[PDB]
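In what follows, a structure is listed as structure tokens, so that the remarks can point back to it.
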Amino acid sequence: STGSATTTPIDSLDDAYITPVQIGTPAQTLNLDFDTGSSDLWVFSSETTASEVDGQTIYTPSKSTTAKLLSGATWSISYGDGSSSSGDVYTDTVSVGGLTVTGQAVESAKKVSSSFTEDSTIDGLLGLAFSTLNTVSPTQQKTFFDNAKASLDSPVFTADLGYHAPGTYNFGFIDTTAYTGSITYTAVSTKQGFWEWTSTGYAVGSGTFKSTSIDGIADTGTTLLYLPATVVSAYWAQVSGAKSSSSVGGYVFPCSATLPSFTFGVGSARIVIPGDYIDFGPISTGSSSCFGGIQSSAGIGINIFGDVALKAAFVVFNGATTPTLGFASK
Ligand SMILES: C[C@@H](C1CC1)N(C)Cc1nc2ccccc2c(=O)[nH]1
């Protein structure tokens, strides 16, 4: 089997991407944030505290003939941005782009934090990291991908995120028309439960490439590119007037600037992020200070290749017995 679904930016900045997902019988379609940095499939639901729902589409398990309470199971998660959610668990039929999993754990939110309530466009998350990170207790549950894997034509999924445009998540096949040149594959460590890999270095604009190992995660659920302070300082030093602002919470730059590109290494290959991808717009409406798309990982404890980086590439998440990651230009 295979599946193929379009993923669409939630706003004009590409803050996140949403992908339609069919849950239950008859289908209830929710728009979920596919997140390769976590491993829970959770949704706004009929059980979510009413004051914490503001425009989201909800899953109502009582209206699904295939929903079953997973008795005694609870979940609770907190993300890198400090947001969180928790609740109980059903199993139900879940389909993505024509690919169907029966008995998928669908985690129903009883509580969500303010950032989730305020994001009316995101109806929940679909985690695509390794199932060892799944938060369900007392019986840990598998991700949608892990459940689907044995049925897939090939044990892979791909992320092809657009810049200010829709893109695609494919399951079970590699669309050889979706990228240019060749895909370069690189080793993954699953020891922390992430798609963790080591970049071979970077360049700023037309500058020379610096060979240096940068360990980090491929995370579709993180908006920005978070790298060591040395690398980030070297980037922003090439933008007149750019500075790190503690009051704003990172690097900002004059909105009048033209940003340089940023290149990252994948083995002997190179992925180029155009300068425009690094512009996240005015810090507040009408401001001439703009938020940068490359930020320091210093306070995080891990480097994160988020959407800013991933959208510049066609990315293969290879879930074979020894997982790997592939990157191609596009
Ligand atoms: C979807 C989820 C991510 C962790 C997976 N959070 C909730 C996205 C997010 N939303 C925001 C809303 C307003 C202001 C800032 C933010 C922000 O930084 N991130």
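In the structure tokens, each chain is lettered A, B, ... as it comes, each chain's residues begin at 1, and ligands are numbered from 1 in order of appearance.
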
Which residues are near ligand 1 in this structure, taking near to mean any atom at most 7 Å from a ligand atom and counting only C-alpha atoms and all ligand atoms? Format them as JSON, numbers by chain. {"A": [33, 79, 80, 81, 83, 115, 116, 118, 119, 122, 221, 222]}

Can you spit out the residues from that selection as a CSV table (one decimal), in the first residue's frame, using N, CA and C atoms?
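Written file, out.csv:
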```
chain,number,residue,atom,x,y,z
A,33,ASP,N,-1.1,18.5,12.4
A,33,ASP,CA,0.3,18.9,12.2
A,33,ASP,C,1.2,17.7,12.3
A,79,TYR,N,5.9,20.1,24.6
A,79,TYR,CA,6.7,20.3,23.4
A,79,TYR,C,7.8,21.3,23.7
A,80,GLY,N,8.7,21.5,22.8
A,80,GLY,CA,9.9,22.3,22.9
A,80,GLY,C,9.6,23.8,23.0
A,81,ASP,N,8.4,24.2,22.6
A,81,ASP,CA,8.0,25.6,22.7
A,81,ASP,C,7.2,25.8,24.0
A,83,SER,N,4.4,24.3,25.0
A,83,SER,CA,3.0,24.0,24.9
A,83,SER,C,2.8,22.5,25.4
A,115,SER,N,-1.5,28.1,23.7
A,115,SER,CA,-1.0,28.2,22.3
A,115,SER,C,-1.8,27.3,21.4
A,116,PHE,N,-2.2,26.1,21.8
A,116,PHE,CA,-3.0,25.3,21.0
A,116,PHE,C,-4.4,25.9,20.8
A,118,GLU,N,-5.3,28.9,20.9
A,118,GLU,CA,-5.1,30.1,20.0
A,118,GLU,C,-4.8,29.7,18.6
A,119,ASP,N,-4.4,28.5,18.3
A,119,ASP,CA,-4.1,28.1,16.9
A,119,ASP,C,-5.4,27.4,16.3
A,122,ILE,N,-5.1,24.3,13.7
A,122,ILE,CA,-4.4,23.0,14.0
A,122,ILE,C,-5.4,22.2,14.9
A,221,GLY,N,7.8,19.4,12.9
A,221,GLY,CA,6.9,20.1,13.8
A,221,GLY,C,7.6,21.4,14.4
A,222,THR,N,8.8,21.7,14.1
A,222,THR,CA,9.5,22.9,14.5
A,222,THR,C,9.6,23.8,13.3
```

Write down as a list in words the residues belonging to segment 194-241 of chain A that are assigned strand (DSSP E or B) by DSSP computed on the backbone. residues 196, 197, 198, 199, 200, 201, 202, 203, 204, 210, 211, 212, 213, 214, 215, 216, 217, 218, 225, 226 and 227 of chain A

Now that the selection is made, can you save its residues with N, CA, C and O atoms as a PDB file, in the first residue's frame?
```pdb
ATOM      1  N   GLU A 196      17.633  11.547  14.275  1.00  0.00           N
ATOM      2  CA  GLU A 196      18.835  12.286  14.647  1.00  0.00           C
ATOM      3  C   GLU A 196      19.978  11.910  13.704  1.00  0.00           C
ATOM      4  O   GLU A 196      20.235  10.730  13.464  1.00  0.00           O
ATOM      5  N   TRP A 197      20.671  12.914  13.180  1.00  0.00           N
ATOM      6  CA  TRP A 197      21.688  12.704  12.156  1.00  0.00           C
ATOM      7  C   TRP A 197      22.782  13.758  12.361  1.00  0.00           C
ATOM      8  O   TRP A 197      22.654  14.626  13.220  1.00  0.00           O
ATOM      9  N   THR A 198      23.842  13.679  11.571  1.00  0.00           N
ATOM     10  CA  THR A 198      24.966  14.602  11.689  1.00  0.00           C
ATOM     11  C   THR A 198      25.243  15.267  10.359  1.00  0.00           C
ATOM     12  O   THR A 198      25.671  14.623   9.409  1.00  0.00           O
ATOM     13  N   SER A 199      24.968  16.560  10.289  1.00  0.00           N
ATOM     14  CA  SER A 199      25.331  17.364   9.134  1.00  0.00           C
ATOM     15  C   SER A 199      26.845  17.524   9.074  1.00  0.00           C
ATOM     16  O   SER A 199      27.514  17.554  10.095  1.00  0.00           O
ATOM     17  N   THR A 200      27.370  17.638   7.864  1.00  0.00           N
ATOM     18  CA  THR A 200      28.806  17.730   7.654  1.00  0.00           C
ATOM     19  C   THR A 200      29.343  19.161   7.598  1.00  0.00           C
ATOM     20  O   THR A 200      30.549  19.357   7.459  1.00  0.00           O
ATOM     21  N   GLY A 201      28.469  20.162   7.702  1.00  0.00           N
ATOM     22  CA  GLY A 201      28.934  21.529   7.814  1.00  0.00           C
ATOM     23  C   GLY A 201      27.983  22.538   7.221  1.00  0.00           C
ATOM     24  O   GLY A 201      26.813  22.234   6.985  1.00  0.00           O
ATOM     25  N   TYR A 202      28.490  23.741   6.980  1.00  0.00           N
ATOM     26  CA  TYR A 202      27.639  24.812   6.504  1.00  0.00           C
ATOM     27  C   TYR A 202      28.406  25.874   5.726  1.00  0.00           C
ATOM     28  O   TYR A 202      29.639  25.971   5.799  1.00  0.00           O
ATOM     29  N   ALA A 203      27.659  26.680   4.973  1.00  0.00           N
ATOM     30  CA  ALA A 203      28.184  27.905   4.377  1.00  0.00           C
ATOM     31  C   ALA A 203      27.150  29.001   4.520  1.00  0.00           C
ATOM     32  O   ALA A 203      25.944  28.736   4.596  1.00  0.00           O
ATOM     33  N   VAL A 204      27.628  30.236   4.554  1.00  0.00           N
ATOM     34  CA  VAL A 204      26.768  31.408   4.596  1.00  0.00           C
ATOM     35  C   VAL A 204      26.892  32.146   3.260  1.00  0.00           C
ATOM     36  O   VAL A 204      27.989  32.568   2.850  1.00  0.00           O
ATOM     37  N   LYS A 210      32.333  25.428   5.567  1.00  0.00           N
ATOM     38  CA  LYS A 210      33.008  25.022   6.789  1.00  0.00           C
ATOM     39  C   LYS A 210      32.649  23.587   7.118  1.00  0.00           C
ATOM     40  O   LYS A 210      31.489  23.288   7.402  1.00  0.00           O
ATOM     41  N   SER A 211      33.645  22.707   7.090  1.00  0.00           N
ATOM     42  CA  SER A 211      33.456  21.316   7.468  1.00  0.00           C
ATOM     43  C   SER A 211      33.455  21.198   8.981  1.00  0.00           C
ATOM     44  O   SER A 211      34.445  21.512   9.642  1.00  0.00           O
ATOM     45  N   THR A 212      32.337  20.742   9.524  1.00  0.00           N
ATOM     46  CA  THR A 212      32.171  20.621  10.962  1.00  0.00           C
ATOM     47  C   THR A 212      30.946  19.759  11.200  1.00  0.00           C
ATOM     48  O   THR A 212      29.935  19.916  10.510  1.00  0.00           O
ATOM     49  N   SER A 213      31.036  18.845  12.160  1.00  0.00           N
ATOM     50  CA  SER A 213      29.934  17.939  12.455  1.00  0.00           C
ATOM     51  C   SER A 213      28.899  18.635  13.319  1.00  0.00           C
ATOM     52  O   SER A 213      29.212  19.150  14.388  1.00  0.00           O
ATOM     53  N   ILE A 214      27.658  18.626  12.849  1.00  0.00           N
ATOM     54  CA  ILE A 214      26.535  19.224  13.577  1.00  0.00           C
ATOM     55  C   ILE A 214      25.452  18.158  13.758  1.00  0.00           C
ATOM     56  O   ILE A 214      24.711  17.827  12.835  1.00  0.00           O
ATOM     57  N   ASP A 215      25.366  17.609  14.960  1.00  0.00           N
ATOM     58  CA  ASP A 215      24.350  16.630  15.312  1.00  0.00           C
ATOM     59  C   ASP A 215      23.012  17.315  15.549  1.00  0.00           C
ATOM     60  O   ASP A 215      22.946  18.272  16.303  1.00  0.00           O
ATOM     61  N   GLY A 216      21.943  16.842  14.921  1.00  0.00           N
ATOM     62  CA  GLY A 216      20.649  17.450  15.133  1.00  0.00           C
ATOM     63  C   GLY A 216      19.527  16.548  14.673  1.00  0.00           C
ATOM     64  O   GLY A 216      19.767  15.434  14.213  1.00  0.00           O
ATOM     65  N   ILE A 217      18.294  17.028  14.800  1.00  0.00           N
ATOM     66  CA  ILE A 217      17.130  16.222  14.443  1.00  0.00           C
ATOM     67  C   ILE A 217      16.371  16.830  13.277  1.00  0.00           C
ATOM     68  O   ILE A 217      16.297  18.044  13.142  1.00  0.00           O
ATOM     69  N   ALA A 218      15.808  15.973  12.439  1.00  0.00           N
ATOM     70  CA  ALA A 218      14.921  16.408  11.371  1.00  0.00           C
ATOM     71  C   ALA A 218      13.514  16.477  11.952  1.00  0.00           C
ATOM     72  O   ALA A 218      12.930  15.438  12.280  1.00  0.00           O
ATOM     73  N   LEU A 225      15.119  26.879  12.127  1.00  0.00           N
ATOM     74  CA  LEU A 225      16.386  26.153  12.110  1.00  0.00           C
ATOM     75  C   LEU A 225      17.199  26.589  13.322  1.00  0.00           C
ATOM     76  O   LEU A 225      17.581  27.753  13.412  1.00  0.00           O
ATOM     77  N   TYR A 226      17.446  25.661  14.253  1.00  0.00           N
ATOM     78  CA  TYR A 226      18.166  25.957  15.491  1.00  0.00           C
ATOM     79  C   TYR A 226      19.529  25.274  15.460  1.00  0.00           C
ATOM     80  O   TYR A 226      19.606  24.045  15.382  1.00  0.00           O
ATOM     81  N   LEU A 227      20.590  26.075  15.501  1.00  0.00           N
ATOM     82  CA  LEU A 227      21.961  25.586  15.313  1.00  0.00           C
ATOM     83  C   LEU A 227      22.876  26.173  16.389  1.00  0.00           C
ATOM     84  O   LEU A 227      22.472  27.082  17.110  1.00  0.00           O
TER      85      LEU A 227
END
```

Which is closest to residue 136 of chain A among A:57, A:192, A:220, A:39, if we use only C-alpha atoms? A:39

I'd like the neighbourhood of residue 293 of chain A as a PDB file with N, CA and C atoms, in the first residue's frame, where a residue qualifies if any of its atoms comes within 6 Å (using only C-alpha atoms), though same-chain residues fewer than 5 positions away should be ignored.
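Done, and the output landed in result_29.pdb:
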```pdb
ATOM      1  N   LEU A 224      11.505  26.705  12.815  1.00  0.00           N
ATOM      2  CA  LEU A 224      12.786  27.338  12.500  1.00  0.00           C
ATOM      3  C   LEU A 224      13.956  26.351  12.498  1.00  0.00           C
ATOM      4  N   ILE A 278      14.394  32.505   5.252  1.00  0.00           N
ATOM      5  CA  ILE A 278      14.878  32.825   6.594  1.00  0.00           C
ATOM      6  C   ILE A 278      14.179  34.079   7.171  1.00  0.00           C
ATOM      7  N   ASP A 279      13.294  34.677   6.375  1.00  0.00           N
ATOM      8  CA  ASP A 279      12.539  35.863   6.799  1.00  0.00           C
ATOM      9  C   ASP A 279      11.185  35.455   7.387  1.00  0.00           C
TER      10      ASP A 279
END
```

Mind checking which residues fall within 10 Å of segment 145-160 of chain A, counting only C-alpha atoms, ignoring those fewer than 6 positions away in the same chain, and posting them as a PyMOL selection string? chain A and resi 1-4+6-7+34+36+39+99-105+126-131+166-175+178-179+220+310-321+323-327+330

Write out as a short mmCIF file (atom, residue, chain, number, x, y, z; two decimals) with N, CA, C and O atoms, in the first residue's frame the residues lying within 8 Å of residue 75 of chain A, counting only C-alpha atoms and excluding same-chain residues fewer than 6 positions away.
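Full text of part_18.cif as output:
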```cif
data_model
loop_
_atom_site.label_atom_id
_atom_site.label_comp_id
_atom_site.auth_asym_id
_atom_site.auth_seq_id
_atom_site.Cartn_x
_atom_site.Cartn_y
_atom_site.Cartn_z
N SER A 86 -3.04 16.82 27.14
CA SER A 86 -3.20 15.56 27.84
C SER A 86 -4.63 15.07 27.73
O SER A 86 -5.54 15.83 27.42
N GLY A 87 -4.83 13.78 27.97
CA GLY A 87 -6.17 13.23 27.93
C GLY A 87 -6.20 11.72 28.03
O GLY A 87 -5.36 11.11 28.68
N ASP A 88 -7.22 11.12 27.40
CA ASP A 88 -7.38 9.67 27.38
C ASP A 88 -7.26 9.17 25.93
O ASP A 88 -6.87 9.93 25.05
N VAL A 89 -7.56 7.89 25.69
CA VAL A 89 -7.18 7.25 24.42
C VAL A 89 -8.27 6.34 23.89
O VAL A 89 -8.86 5.56 24.64
N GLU A 107 -5.33 9.78 20.51
CA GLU A 107 -5.27 10.32 21.85
C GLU A 107 -6.17 11.55 21.91
O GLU A 107 -5.96 12.52 21.21
N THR A 135 3.79 8.82 24.59
CA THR A 135 3.55 9.09 26.01
C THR A 135 2.42 8.29 26.65
O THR A 135 2.14 8.46 27.83
N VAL A 136 1.75 7.41 25.90
CA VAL A 136 0.61 6.72 26.48
C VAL A 136 1.05 5.78 27.59
O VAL A 136 2.04 5.04 27.45
N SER A 137 0.31 5.82 28.69
CA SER A 137 0.55 5.00 29.87
C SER A 137 -0.75 4.29 30.26
O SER A 137 -1.81 4.89 30.17
#
```

At a cut-off of 8 Å, using only C-alpha atoms, what residues contact residue 109 of chain A? Leave out same-chain residues fewer than 5 positions from it and give the result as a PyMOL selection string. chain A and resi 42-45+47-48+85-88

Residues of the last selection are to be written out with N, CA and C atoms, as a PDB file, in the first residue's frame.
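So selection_24.pdb came out as:
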```pdb
ATOM      1  N   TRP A  42      -2.622  12.970  18.579  1.00  0.00           N
ATOM      2  CA  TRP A  42      -3.644  13.498  19.487  1.00  0.00           C
ATOM      3  C   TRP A  42      -4.492  14.523  18.783  1.00  0.00           C
ATOM      4  N   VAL A  43      -5.731  14.628  19.234  1.00  0.00           N
ATOM      5  CA  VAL A  43      -6.724  15.474  18.599  1.00  0.00           C
ATOM      6  C   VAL A  43      -7.566  16.243  19.593  1.00  0.00           C
ATOM      7  N   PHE A  44      -7.968  17.435  19.172  1.00  0.00           N
ATOM      8  CA  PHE A  44      -9.090  18.112  19.806  1.00  0.00           C
ATOM      9  C   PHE A  44     -10.315  17.202  19.689  1.00  0.00           C
ATOM     10  N   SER A  45     -11.155  17.181  20.718  1.00  0.00           N
ATOM     11  CA  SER A  45     -12.238  16.220  20.742  1.00  0.00           C
ATOM     12  C   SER A  45     -13.442  16.738  21.495  1.00  0.00           C
ATOM     13  N   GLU A  47     -14.228  15.692  24.169  1.00  0.00           N
ATOM     14  CA  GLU A  47     -13.823  15.630  25.572  1.00  0.00           C
ATOM     15  C   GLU A  47     -12.972  16.831  25.981  1.00  0.00           C
ATOM     16  N   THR A  48     -12.556  17.655  25.019  1.00  0.00           N
ATOM     17  CA  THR A  48     -11.689  18.786  25.339  1.00  0.00           C
ATOM     18  C   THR A  48     -12.466  19.855  26.099  1.00  0.00           C
ATOM     19  N   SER A  85      -0.457  19.187  26.188  1.00  0.00           N
ATOM     20  CA  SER A  85      -1.809  18.648  26.105  1.00  0.00           C
ATOM     21  C   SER A  85      -1.842  17.291  26.794  1.00  0.00           C
ATOM     22  N   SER A  86      -3.041  16.824  27.138  1.00  0.00           N
ATOM     23  CA  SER A  86      -3.201  15.557  27.838  1.00  0.00           C
ATOM     24  C   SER A  86      -4.627  15.067  27.727  1.00  0.00           C
ATOM     25  N   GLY A  87      -4.831  13.778  27.969  1.00  0.00           N
ATOM     26  CA  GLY A  87      -6.169  13.230  27.926  1.00  0.00           C
ATOM     27  C   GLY A  87      -6.205  11.722  28.026  1.00  0.00           C
ATOM     28  N   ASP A  88      -7.219  11.122  27.402  1.00  0.00           N
ATOM     29  CA  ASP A  88      -7.376   9.667  27.377  1.00  0.00           C
ATOM     30  C   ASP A  88      -7.262   9.166  25.930  1.00  0.00           C
TER      31      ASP A  88
END
```

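Interatomic distance, atom CA of residue 35 of chain A to atom CA of residue 183 of chain A: 21.8 Å.
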
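Note that the spacing between atom CA of residue 272 of chain A and atom CA of residue 18 of chain A amounts to 24.3 Å.
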
Contact check, segment 181-234 of chain A to segment 256-260 of chain A, at most 10 Å, counting only C-alpha atoms, closest pairs as a tab-separated table:
```
residue	atom	partner	partner_atom	distance
A:204	CA	A:260	CA	6.8
A:205	CA	A:260	CA	4.7
A:206	CA	A:260	CA	8.1
A:207	CA	A:260	CA	9.9
```
